[PDB]
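Step one of this worksheet: look at the structure below.
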Amino acid sequence: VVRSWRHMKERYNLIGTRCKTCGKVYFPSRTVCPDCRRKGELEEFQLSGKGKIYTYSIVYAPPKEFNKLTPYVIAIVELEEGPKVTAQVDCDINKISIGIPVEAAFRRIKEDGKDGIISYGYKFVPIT
Amino acid sequence: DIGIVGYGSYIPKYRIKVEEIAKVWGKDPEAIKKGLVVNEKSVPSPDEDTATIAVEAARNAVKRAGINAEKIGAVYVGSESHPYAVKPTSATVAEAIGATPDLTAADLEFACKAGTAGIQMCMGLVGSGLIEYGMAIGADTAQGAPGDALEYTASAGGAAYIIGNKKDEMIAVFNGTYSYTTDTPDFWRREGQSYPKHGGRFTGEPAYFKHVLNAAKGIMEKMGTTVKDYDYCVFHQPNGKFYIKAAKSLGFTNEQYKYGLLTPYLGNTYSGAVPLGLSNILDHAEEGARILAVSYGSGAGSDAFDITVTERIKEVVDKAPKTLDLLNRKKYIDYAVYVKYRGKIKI
Amino acid sequence: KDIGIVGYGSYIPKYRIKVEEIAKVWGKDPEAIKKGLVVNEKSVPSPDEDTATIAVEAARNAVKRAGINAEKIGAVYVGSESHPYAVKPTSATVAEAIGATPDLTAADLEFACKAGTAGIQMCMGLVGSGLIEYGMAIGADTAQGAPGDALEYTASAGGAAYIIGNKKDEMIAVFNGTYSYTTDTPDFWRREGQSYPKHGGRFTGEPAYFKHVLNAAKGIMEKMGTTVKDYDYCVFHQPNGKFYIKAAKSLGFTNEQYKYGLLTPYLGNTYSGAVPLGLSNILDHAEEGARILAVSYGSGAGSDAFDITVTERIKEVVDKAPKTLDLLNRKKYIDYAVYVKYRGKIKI
Amino acid sequence: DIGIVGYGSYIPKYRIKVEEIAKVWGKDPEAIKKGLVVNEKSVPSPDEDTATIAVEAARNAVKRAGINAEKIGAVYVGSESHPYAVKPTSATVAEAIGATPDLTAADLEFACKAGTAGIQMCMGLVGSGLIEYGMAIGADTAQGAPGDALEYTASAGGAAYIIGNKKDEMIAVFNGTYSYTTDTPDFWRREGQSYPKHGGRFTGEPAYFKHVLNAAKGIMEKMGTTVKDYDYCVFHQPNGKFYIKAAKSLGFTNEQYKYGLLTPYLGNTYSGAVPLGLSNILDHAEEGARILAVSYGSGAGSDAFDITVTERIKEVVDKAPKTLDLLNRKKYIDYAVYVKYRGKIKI
Amino acid sequence: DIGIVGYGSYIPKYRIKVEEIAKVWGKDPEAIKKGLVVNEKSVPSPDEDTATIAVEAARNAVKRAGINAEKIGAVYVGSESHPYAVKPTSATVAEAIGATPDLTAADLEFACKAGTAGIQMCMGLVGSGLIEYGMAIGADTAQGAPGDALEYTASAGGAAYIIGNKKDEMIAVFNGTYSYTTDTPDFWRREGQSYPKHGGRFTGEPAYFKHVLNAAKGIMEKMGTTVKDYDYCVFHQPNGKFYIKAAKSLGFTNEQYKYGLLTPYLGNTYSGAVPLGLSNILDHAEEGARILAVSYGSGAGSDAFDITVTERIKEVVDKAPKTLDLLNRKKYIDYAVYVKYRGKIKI
Amino acid sequence: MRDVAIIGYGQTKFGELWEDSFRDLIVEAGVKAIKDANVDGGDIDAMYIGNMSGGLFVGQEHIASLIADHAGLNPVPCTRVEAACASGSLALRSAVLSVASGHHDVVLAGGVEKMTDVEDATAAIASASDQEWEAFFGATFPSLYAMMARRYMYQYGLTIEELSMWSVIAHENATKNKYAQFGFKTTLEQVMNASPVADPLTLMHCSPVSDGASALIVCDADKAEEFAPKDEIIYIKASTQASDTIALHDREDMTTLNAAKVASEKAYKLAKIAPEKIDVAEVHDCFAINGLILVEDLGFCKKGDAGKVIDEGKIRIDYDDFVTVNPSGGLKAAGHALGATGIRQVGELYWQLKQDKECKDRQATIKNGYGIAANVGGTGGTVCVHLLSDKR
Ligand SMILES: [Cl-]
Ligand SMILES: [Cl-]
Ligand SMILES: [Cl-]
Ligand SMILES: [K+]
Ligand SMILES: [K+]
Ligand SMILES: [K+]
Ligand SMILES: [K+]
Ligand SMILES: [K+]
Ligand SMILES: [Mg+2]
Ligand code: NA
Ligand code: NA
Ligand SMILES: [Zn+2]
């Protein structure tokens, strides 16, 4: 419940952090820059949801929650700014390939059963 | 120049004490009474629901305004317990007060802030010249889950406000309003479920206090005011403890916050909580009194108001029942009869 | 103190289902339904899509057309029948998803299929009164029709957002006036426990839809001192094609006037997004100076009428976001089995 | 040839008086007590169910039989409130008494006759030589619909009977059995619904009395007996009235029917009703006493039995708790705690 | 001295192939067909349920028995899907065949072993001389949870058996019966829930095979037999793979087990599974053929039977429809029509 | 800093053990390890345990106390060590360092898992991934390694046939292991045509959910001679550990496990040998791809060539002059009881280097007398390497 609330601005809007010291953009946002650690100074940074497929897989037997989606595409997207994320791709099984340009979309990712909260976040859609 | 031309309240007659609920579930009533700062709560008759309570409050507001309901160009009902899932309460109220047909209406949802959201909507329509009068109501027949702590506070009530443009008929004037809103999963309910769920201690500092206090600070900055400029204050009051903590945090004394606090003997009426507390302030206030009103809704969000009372207040207070008269005209019931009335017994 | 639309946006999901695929299952003649209702197909949301996501798509597109900073929006109102939660506001989720938080007010609106336009009127008031600089009104739904029933042929998903403003340089359209007709009418309802709504059949027609839609239309025209001839385009609520055309022809509008606003035959009835979406298609086509009549309807009962004039700025923004017709035509057909799987219509 | 080698009973400790239910629903308790011939009913603890009641009764029957449960070749549980929709109570009971694994089992359903149906099954399996001992249980945690008249009688209890072939071990002997069954929609429940529905006044003459009286006359014809041939009797007892009407119709006096009637202070335990009444008779009966026992189930159907007591009865009565002792070891509760225990409060 | 005097079966006409279910849920149909050894399953008409299926099977069994249904002294229906929660199927079946009123009845529950439990009960009552003929039915309209693997096998069907005492009338003779029972939570359903829950791979070795193989080993030890003494065999068949694994483990060949296996084209009919498989064996068997029949039910338990066929079999096989003829008269449907028929669409 | 040796090893069967409870397993493995080492229960000074099932499966934390209590070894200190699938190796390394410190002379390092008692096991094995940035979005644990396979195929041209040969070998080797979960031979076609889990992986590429327990007795190299003949003692030349990003998407290069490179290099340095002298290797091959990658990261072949060394079968036991990989059948065929895998890996090296009869049918050639084990937690966030030798 609380953990969704902390990363909403990241999941909804793709707002990460840029370390001024080395310039490397980080998404998901990081509290500490791994390369500069203590000397790093982080600022809020708005990413464009644009990126390309770096790798992918097709999940054929997922947990029961995803029964409507099965089989679905899961991928690691390399975003234009640098960071990579793990997310599903809204495209046909037979049109996913490495290097395909994609763009983030606000979607319903998960629901904590029928009584718990609904969690929203990013899913990627191809460009054409 | 926007103000309140009339206001009204309603509370049902049945009450149930903490002792009667704790007795059944095996809890120490004194610990609860002290922990929550609550003694008893209101209970609606089985022939009463959010609609009937809204009509009572709306009709009472019309009496104080002393106007022709045909003059009302919008009716907005904010609630959590609309009798239908899909059929507007607001229409039923408009018909029941004679406001139909020349008006717009909508049912409002935003946890316990729905009621004050409607006030702001009316302020806009009146200020813009789109309507001459608008009605904003906040009412609920809250239901607490039987075993849970919310059963000690979940009560029924409502209050209506008629907003207008004419100085001569204004009993109070809006100086300004401000709202603080984020996405916070502290309290929710899914369409299937009977009773809500919540994040326990997450409902406190990160949700209620964050929004209530940011909203309070915000309007005082917008208006350039300090706590000393206000004679009275009223905050959302899910229990007595939260209300007082917020009030003392901002620097208000007992004399300033006392009138707005009704939960200890009324319970938490959700979207009617602050509207009712504000109405008790108005039943007591004198010309020139300046009020700070801040509601809270889980979700989350708060609506702040900065209001000044005029000389016309004395003309209308006795035109309808006073909020404290309603609260003290009461009949006590035990837990068995309570769950019968509220429909808590599965049939 | 003019009030107008500074930006608008729409969204429709990609899946569709034809009348033929529903009638096959329930044993009905599809041609009779297609002709009777004037509907061919409807939209279907992806199981990872709901009212909130559809509202966010529309909101984000409207921000593109407005070309403003969402931080400036002082109110977000979402009108729907299918808010993903029973008690937790969609509008808050949309405000966070567009960056409007935290300096704003918000509320979720309920009034059957008029909820969306109620929010427009609320924004008109707050902007005109000077209480906020910009307000957003959204109408969106992922309607669900009862499986055996006729509403399953039309119950679709979609939404549209409108940003209201005060600055003439930024207005793409101007409100000339608004009027609303409201009574207590038990034509259509749903009780808290039930999955699908109930209705009064033939009572939904003349005494409810036409009473309110037509009284709302002639009311605003009397308020404005206008006739049917004064308007270039019109849009009415469209639970099916037949009702729309009956109302349009009753008032004297021709096909050229009512053509753009009618989307139900290929979109379905999106409830609180129905008129907002039709209006957006009119705007994707309209020219400077065009005058629009928009009238919504909601069961309970109530209608919101609008009289709008298009400005020269419309051209600058139409291509700033996807056009409602483009969204409506990029589509994937599905059969009934997958439809009920997606929509959660299978008992699990 | 076939007889009862041991029997046992169980009733939980909580009770609720008619006065406490009527108080809540606004009815005259004296009218109800007189109309139904009922004063109070039993209430299971929230940690008790048909399985636990069945186990208590089964274990008590083993004490009286004085045998090794490993020898039991069949366990049958007749109920309306099996704790699972699909998972056999009978298996849990066999495991709980050490009868597993060399046995057959089944859960029985036929309204309030399920319990006695199992007795007939065991009689068959023992008489045919397919098993050495069989156990038949009838137990229920009935739930009456809040506000309905069945809430005054719907109680919890059960009794177990072990059937055997060895004259030295028989405490009673079956002389014969007979059953009357038709398709009668007097009482039913659909899979989704929480509480049953019924035909009101149709539950009487065309259903209960038709089947109870046809079953009684039938076995007396089969046995060539008259009412005078019997020392004791027990009929189904949904209320006291039906029992006494039936007993008096057939010509039984108070001395003959008194022991079998437990409902006025126990309530209607459904499939445990006649099994429990029969057990109270056996706790009092002397060698040579002849018993007429007739159950009833909605559906509908009745199972009649003609039983003769042997000299071994007095060796085993005190080997387990007596039904009257269980019935009088009681703690009273009010309606609020009752609905809490029974799970009648929505959440 | 105890045998089967008549038997009958029924299967509805609609079928659905694995492909139509897999298509919808996004699964490889070939993997499922090979994994479960299932091609298609049966589907009842929306005007068909366990009661109608039981009546069809019972009526067919009466034809083969060639007796007057008035002589039937017991009717037992074993199922998991009795159309009512509280109203006995068995009574409706008795009325529909003319066995009423001079009979006893009961509805049986024990997962997929309920049906064979009734056979043992009829064996006892007939062998003991308490009745002249008894009827045992096993029937179900199983429903698998949408999206789950049980949806590929959960089918509808039933079979009835009439037990009697007269050699001249017996088509088969019971040589012995044995049962293995424990408390095992492999498969269950709670009263509220629409579909069952299970322990996944706990359903295999520790439950099905444990009980099926212990029961099969048990009766062969009781009877002094080996796998070589039996001409035919039939085991519970939740899928084709479990059946064959069990059959091969005990040493039976394809020729021995082939007839009893119907699931690949019928599906798992739960309490009708083994009764139907046994009936196909009887439609093919010749005088003197010896059959091993072992059922399984979750909770858990298995019923084993050792049966020898008599000369009368050829006289009756054609007196009613053969199980293969029913199985092959079929009409295919797609998933949309299937969930419509089965009531799987929320409405 | 004392030298550490291994004096005993014990193991249960790995598989679906319905009869055996969690207690029955740890005891059987512990008693076997005690018996093999020729020590009494009283001789154990401390225990180090790896276990995942308890907290995800049963709600039981504080497993250490439970295991010491029911083993009957109270009051000896017992400690649980966790790093997802690497908990076994970390429990060993913890034990090694405690003997090296001088605080304990004889220490048991064991791991146990009871995954069959849980209704759905995936959620537990998914615990090793980032819940908020991988699992949350629907990346199942097999799909993560599947995306590793995809990237590796993209960069180096590995073909599914080459990948599938890893599983054929594993299953052949596992028929020689009584404790293996799967004891059947397979073929390339059966592997490729098996049901798919996450493209390109199939059910015959993925390791199963397994119950099992394994235990080692580690001891001071000098005190070891008190219990064992000097020739049956195996010495731990190095026990190293490294870390990497928990999420696969944060990896600099997804085709390699830096923590394995880091850890293996440090072990090779401490032992003062090169990869060419390793006779036997036990690598973490829960998804086959991971087996190829580790063969490269440990330095047995060049990056991208693993597919070609498997195709020729150089990792097979019969193939001479090249290291022998997973003689037991590996995680895919021998089984993957998460907590015990790290222990089992080393027990095989122990058997292999001491020419124990336990591995008689799968005995690898030992030219130099060295073995190495690589245990991986999750997708690579944690790697622990252990290097053994028959020489001190
Ligand atoms: Cl924040
Ligand atoms: Cl059952
Ligand atoms: Cl020892
Ligand atoms: K609502
Ligand atoms: K006899
Ligand atoms: K039942
Ligand atoms: K008869
Ligand atoms: K040794
Ligand atoms: Mg020794
Ligand atoms: Na329909
Ligand atoms: Na392993
Ligand atoms: Zn940096």
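Ordering of the structure tokens sets the chain letters (A, B, ...); residue numbers start at 1 within each chain; ligands are numbered from 1 in the order shown.
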Write out as JSON lines the residues of chain E that have any atom within 12 Å of an atom of chain A, one row each with the nearest atom pair and its distance in Å to one decimal, counting only C-alpha atoms, sorted by chain and then rising number.
{"residue": "E:22", "atom": "CA", "partner": "A:70", "partner_atom": "CA", "distance": 11.0}
{"residue": "E:23", "atom": "CA", "partner": "A:70", "partner_atom": "CA", "distance": 11.0}
{"residue": "E:24", "atom": "CA", "partner": "A:68", "partner_atom": "CA", "distance": 9.1}
{"residue": "E:25", "atom": "CA", "partner": "A:67", "partner_atom": "CA", "distance": 6.8}
{"residue": "E:26", "atom": "CA", "partner": "A:70", "partner_atom": "CA", "distance": 5.7}
{"residue": "E:27", "atom": "CA", "partner": "A:60", "partner_atom": "CA", "distance": 7.4}
{"residue": "E:28", "atom": "CA", "partner": "A:60", "partner_atom": "CA", "distance": 9.1}
{"residue": "E:145", "atom": "CA", "partner": "A:64", "partner_atom": "CA", "distance": 11.4}
{"residue": "E:146", "atom": "CA", "partner": "A:67", "partner_atom": "CA", "distance": 9.6}
{"residue": "E:147", "atom": "CA", "partner": "A:67", "partner_atom": "CA", "distance": 6.8}
{"residue": "E:148", "atom": "CA", "partner": "A:64", "partner_atom": "CA", "distance": 8.3}
{"residue": "E:149", "atom": "CA", "partner": "A:64", "partner_atom": "CA", "distance": 11.2}
Output C-alpha atoms of each residue in that selection to a file, as a compact mmCIF listing (two decimals), in the first residue's frame.
# COMPACT_ATOMS: atom_id res chain seq x y z
CA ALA E 22 -7.11 -23.33 -25.15
CA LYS E 23 -7.74 -20.89 -28.01
CA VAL E 24 -9.45 -18.50 -25.60
CA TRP E 25 -6.95 -18.68 -22.75
CA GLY E 26 -3.80 -18.60 -24.90
CA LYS E 27 -2.48 -22.11 -24.29
CA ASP E 28 -1.00 -24.80 -26.54
CA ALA E 145 -12.91 -22.77 -13.06
CA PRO E 146 -12.48 -20.59 -16.18
CA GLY E 147 -8.81 -20.40 -17.07
CA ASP E 148 -7.85 -23.33 -14.85
CA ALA E 149 -6.76 -26.74 -16.03
Discussion item. At a cut-off of 6 Å, using only C-alpha atoms, what residues contact range 9-14 of chain B? Leave out same-chain residues fewer than 6 positions from it and give the result as a ChimeraX atom specification.
Written reply: /B:42-44,56-57,157-159,326,330-332
Would you give me, as a PDB file with N, CA and C atoms, in the first residue's frame, the residues in range 256-289 of chain F that DSSP reads as helix (DSSP H, G or I)?
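Writing the result to result02.pdb gives the following:
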ATOM      1  N   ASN F 258      29.180 -10.379 -13.624  1.00  0.00           N
ATOM      2  CA  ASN F 258      30.406  -9.778 -13.121  1.00  0.00           C
ATOM      3  C   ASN F 258      30.791 -10.359 -11.770  1.00  0.00           C
ATOM      4  N   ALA F 259      29.811 -10.601 -10.903  1.00  0.00           N
ATOM      5  CA  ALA F 259      30.128 -11.136  -9.587  1.00  0.00           C
ATOM      6  C   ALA F 259      30.796 -12.496  -9.691  1.00  0.00           C
ATOM      7  N   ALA F 260      30.476 -13.270 -10.723  1.00  0.00           N
ATOM      8  CA  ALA F 260      31.170 -14.533 -10.922  1.00  0.00           C
ATOM      9  C   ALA F 260      32.598 -14.298 -11.390  1.00  0.00           C
ATOM     10  N   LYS F 261      32.786 -13.394 -12.349  1.00  0.00           N
ATOM     11  CA  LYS F 261      34.134 -13.048 -12.781  1.00  0.00           C
ATOM     12  C   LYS F 261      34.964 -12.571 -11.602  1.00  0.00           C
ATOM     13  N   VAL F 262      34.415 -11.645 -10.820  1.00  0.00           N
ATOM     14  CA  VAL F 262      35.135 -11.098  -9.676  1.00  0.00           C
ATOM     15  C   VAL F 262      35.483 -12.202  -8.687  1.00  0.00           C
ATOM     16  N   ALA F 263      34.490 -12.994  -8.287  1.00  0.00           N
ATOM     17  CA  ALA F 263      34.721 -14.028  -7.289  1.00  0.00           C
ATOM     18  C   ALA F 263      35.647 -15.118  -7.809  1.00  0.00           C
ATOM     19  N   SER F 264      35.422 -15.593  -9.033  1.00  0.00           N
ATOM     20  CA  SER F 264      36.262 -16.673  -9.544  1.00  0.00           C
ATOM     21  C   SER F 264      37.719 -16.222  -9.656  1.00  0.00           C
ATOM     22  N   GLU F 265      37.960 -15.009 -10.173  1.00  0.00           N
ATOM     23  CA  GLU F 265      39.326 -14.495 -10.263  1.00  0.00           C
ATOM     24  C   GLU F 265      39.999 -14.467  -8.896  1.00  0.00           C
ATOM     25  N   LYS F 266      39.297 -13.979  -7.873  1.00  0.00           N
ATOM     26  CA  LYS F 266      39.901 -13.903  -6.547  1.00  0.00           C
ATOM     27  C   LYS F 266      40.239 -15.288  -6.009  1.00  0.00           C
ATOM     28  N   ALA F 267      39.376 -16.268  -6.253  1.00  0.00           N
ATOM     29  CA  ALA F 267      39.669 -17.627  -5.823  1.00  0.00           C
ATOM     30  C   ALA F 267      40.878 -18.182  -6.563  1.00  0.00           C
ATOM     31  N   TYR F 268      40.904 -18.026  -7.885  1.00  0.00           N
ATOM     32  CA  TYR F 268      42.054 -18.473  -8.658  1.00  0.00           C
ATOM     33  C   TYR F 268      43.344 -17.843  -8.159  1.00  0.00           C
ATOM     34  N   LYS F 269      43.288 -16.574  -7.762  1.00  0.00           N
ATOM     35  CA  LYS F 269      44.473 -15.915  -7.233  1.00  0.00           C
ATOM     36  C   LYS F 269      44.895 -16.534  -5.905  1.00  0.00           C
ATOM     37  N   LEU F 270      43.969 -16.637  -4.953  1.00  0.00           N
ATOM     38  CA  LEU F 270      44.294 -17.197  -3.642  1.00  0.00           C
ATOM     39  C   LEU F 270      44.836 -18.616  -3.747  1.00  0.00           C
ATOM     40  N   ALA F 271      44.250 -19.438  -4.610  1.00  0.00           N
ATOM     41  CA  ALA F 271      44.754 -20.790  -4.800  1.00  0.00           C
ATOM     42  C   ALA F 271      46.009 -20.832  -5.654  1.00  0.00           C
ATOM     43  N   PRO F 275      42.410 -21.253 -14.527  1.00  0.00           N
ATOM     44  CA  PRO F 275      41.252 -22.091 -14.865  1.00  0.00           C
ATOM     45  C   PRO F 275      41.623 -23.404 -15.520  1.00  0.00           C
ATOM     46  N   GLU F 276      42.764 -23.460 -16.205  1.00  0.00           N
ATOM     47  CA  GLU F 276      43.144 -24.650 -16.955  1.00  0.00           C
ATOM     48  C   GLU F 276      43.417 -25.848 -16.058  1.00  0.00           C
ATOM     49  N   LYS F 277      43.626 -25.637 -14.765  1.00  0.00           N
ATOM     50  CA  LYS F 277      43.911 -26.731 -13.849  1.00  0.00           C
ATOM     51  C   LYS F 277      42.680 -27.260 -13.135  1.00  0.00           C
ATOM     52  N   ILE F 289      21.018 -21.419 -19.941  1.00  0.00           N
ATOM     53  CA  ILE F 289      21.795 -20.248 -20.337  1.00  0.00           C
ATOM     54  C   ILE F 289      22.802 -19.899 -19.255  1.00  0.00           C
TER      55      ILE F 289
END
When the cut-off is 7 Å and you count only C-alpha atoms and all ligand atoms, which residues lie near ligand 7, shown as an MDAnalysis selection string?
chainID E and resid 70:73 99:103
Give the residues close to ligand 9, within 8 Å, counting only C-alpha atoms and all ligand atoms; write them as a PyMOL selection string. chain F and resi 35+38-40
- [ ] Determine which residues of chain E sit within 6 Å of chain D, taking into account only C-alpha atoms, and present them as an MDAnalysis selection string.
- [x] chainID E and resid 84:88 91:92 100:104 106:110 121 124:125 127:128 179:183 188:191 299
Enumerate residues in contact with ligand 12: an atom-to-atom distance of at most 8 Å, counting only C-alpha atoms and all ligand atoms. Format the result as a PyMOL selection string. chain A and resi 18-24+33-37+39-42
Taking N, CA and C atoms for each residue, export the selection above as a JSON list (two decimals), in the first residue's frame.
[["chain", "number", "residue", "atom", "x", "y", "z"],
["A", 18, "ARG", "N", 19.11, 12.75, -12.19],
["A", 18, "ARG", "CA", 20.35, 12.97, -12.93],
["A", 18, "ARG", "C", 21.40, 13.44, -11.94],
["A", 19, "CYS", "N", 22.54, 12.74, -11.89],
["A", 19, "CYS", "CA", 23.67, 13.17, -11.08],
["A", 19, "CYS", "C", 24.40, 14.29, -11.82],
["A", 20, "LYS", "N", 24.45, 15.47, -11.21],
["A", 20, "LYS", "CA", 25.16, 16.58, -11.83],
["A", 20, "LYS", "C", 26.65, 16.27, -11.97],
["A", 21, "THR", "N", 27.22, 15.54, -11.01],
["A", 21, "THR", "CA", 28.67, 15.35, -10.99],
["A", 21, "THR", "C", 29.16, 14.65, -12.25],
["A", 22, "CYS", "N", 28.53, 13.53, -12.62],
["A", 22, "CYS", "CA", 28.92, 12.78, -13.81],
["A", 22, "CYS", "C", 27.91, 12.89, -14.95],
["A", 23, "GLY", "N", 26.70, 13.38, -14.69],
["A", 23, "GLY", "CA", 25.70, 13.58, -15.71],
["A", 23, "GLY", "C", 24.84, 12.38, -16.02],
["A", 24, "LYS", "N", 25.15, 11.21, -15.48],
["A", 24, "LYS", "CA", 24.40, 10.01, -15.80],
["A", 24, "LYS", "C", 22.98, 10.09, -15.24],
["A", 33, "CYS", "N", 24.39, 8.02, -6.10],
["A", 33, "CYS", "CA", 25.01, 7.70, -7.37],
["A", 33, "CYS", "C", 26.06, 6.61, -7.16],
["A", 34, "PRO", "N", 25.96, 5.45, -7.82],
["A", 34, "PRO", "CA", 26.96, 4.39, -7.58],
["A", 34, "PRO", "C", 28.37, 4.77, -8.00],
["A", 35, "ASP", "N", 28.53, 5.63, -9.01],
["A", 35, "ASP", "CA", 29.86, 5.98, -9.50],
["A", 35, "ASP", "C", 30.51, 7.07, -8.64],
["A", 36, "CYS", "N", 29.73, 8.05, -8.19],
["A", 36, "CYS", "CA", 30.27, 9.12, -7.37],
["A", 36, "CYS", "C", 29.96, 8.96, -5.89],
["A", 37, "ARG", "N", 28.99, 8.12, -5.56],
["A", 37, "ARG", "CA", 28.53, 7.93, -4.19],
["A", 37, "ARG", "C", 28.45, 9.27, -3.46],
["A", 39, "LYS", "N", 30.27, 12.06, -3.37],
["A", 39, "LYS", "CA", 30.48, 13.30, -4.11],
["A", 39, "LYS", "C", 29.39, 13.58, -5.13],
["A", 40, "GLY", "N", 28.51, 12.62, -5.39],
["A", 40, "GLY", "CA", 27.44, 12.83, -6.35],
["A", 40, "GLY", "C", 26.35, 13.73, -5.79],
["A", 41, "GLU", "N", 25.82, 14.58, -6.66],
["A", 41, "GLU", "CA", 24.70, 15.46, -6.35],
["A", 41, "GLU", "C", 23.57, 15.19, -7.34],
["A", 42, "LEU", "N", 22.45, 14.69, -6.83],
["A", 42, "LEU", "CA", 21.33, 14.26, -7.66],
["A", 42, "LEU", "C", 20.28, 15.36, -7.77]]
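CA of residue 79 in chain B lies 6.0 Å from CA of residue 138 in chain B.
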- Message: Neighbours of ligand 11 at 9 Å or closer, counting only C-alpha atoms and all ligand atoms: which residues, as a ChimeraX atom specification?
- Response: /F:14,210,284-286,329-345
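Counting from CA of residue 214 in chain F, the distance to CA of residue 287 in chain F is 21.3 Å.
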Which chain A residues are at most 9 Å from chain C (counting only C-alpha atoms), as a ChimeraX atom specification? /A:8-9,12-13,67-69,105-110,117-118,120
Wanna dump the chain C-ligand 4 contacts at 9 Å for me, each residue with its shortest atom pair and the distance in Å to one decimal, counting only C-alpha atoms and all ligand atoms, ordered by chain and number, as JSON lines?
{"residue": "C:81", "atom": "CA", "partner": "ligand 4", "partner_atom_place_in_ligand_line": "1 (K)", "distance": 7.8}
{"residue": "C:82", "atom": "CA", "partner": "ligand 4", "partner_atom_place_in_ligand_line": "1 (K)", "distance": 8.5}
{"residue": "C:83", "atom": "CA", "partner": "ligand 4", "partner_atom_place_in_ligand_line": "1 (K)", "distance": 7.7}
{"residue": "C:85", "atom": "CA", "partner": "ligand 4", "partner_atom_place_in_ligand_line": "1 (K)", "distance": 8.3}
{"residue": "C:86", "atom": "CA", "partner": "ligand 4", "partner_atom_place_in_ligand_line": "1 (K)", "distance": 5.3}
{"residue": "C:87", "atom": "CA", "partner": "ligand 4", "partner_atom_place_in_ligand_line": "1 (K)", "distance": 7.2}
{"residue": "C:110", "atom": "CA", "partner": "ligand 4", "partner_atom_place_in_ligand_line": "1 (K)", "distance": 7.2}
{"residue": "C:192", "atom": "CA", "partner": "ligand 4", "partner_atom_place_in_ligand_line": "1 (K)", "distance": 7.8}
- Query: Neighbours of residue 8 in chain E within 10 Å (only C-alpha atoms; same-chain residues fewer than 2 positions away dropped), as a count of residues only?
  - Reply: 30
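Between chain F and the candidates E:199, E:272, E:238, E:144, the tightest atom-to-atom separation, counting only C-alpha atoms, involves E:199.
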Surrounding residues of residue 71 in chain C excluding itself and chain neighbours under 3 positions, 10 Å, only C-alpha atoms, as a CSV table (one decimal) with C-alpha atoms, in the first residue's frame:
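Below you can see around29.csv, which holds the result:
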chain,number,residue,atom,x,y,z
C,68,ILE,CA,0.4,24.7,-21.5
C,74,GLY,CA,-6.4,24.3,-10.7
C,95,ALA,CA,-3.9,14.8,-11.8
C,98,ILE,CA,-0.3,14.8,-15.8
C,99,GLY,CA,1.7,16.6,-13.2
C,100,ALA,CA,-1.1,18.9,-12.1
C,101,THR,CA,-0.6,18.0,-8.4
C,102,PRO,CA,-0.5,19.4,-5.8
C,103,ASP,CA,-2.0,22.9,-6.2
C,104,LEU,CA,-5.5,21.9,-7.4
C,134,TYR,CA,-7.3,26.5,-16.0
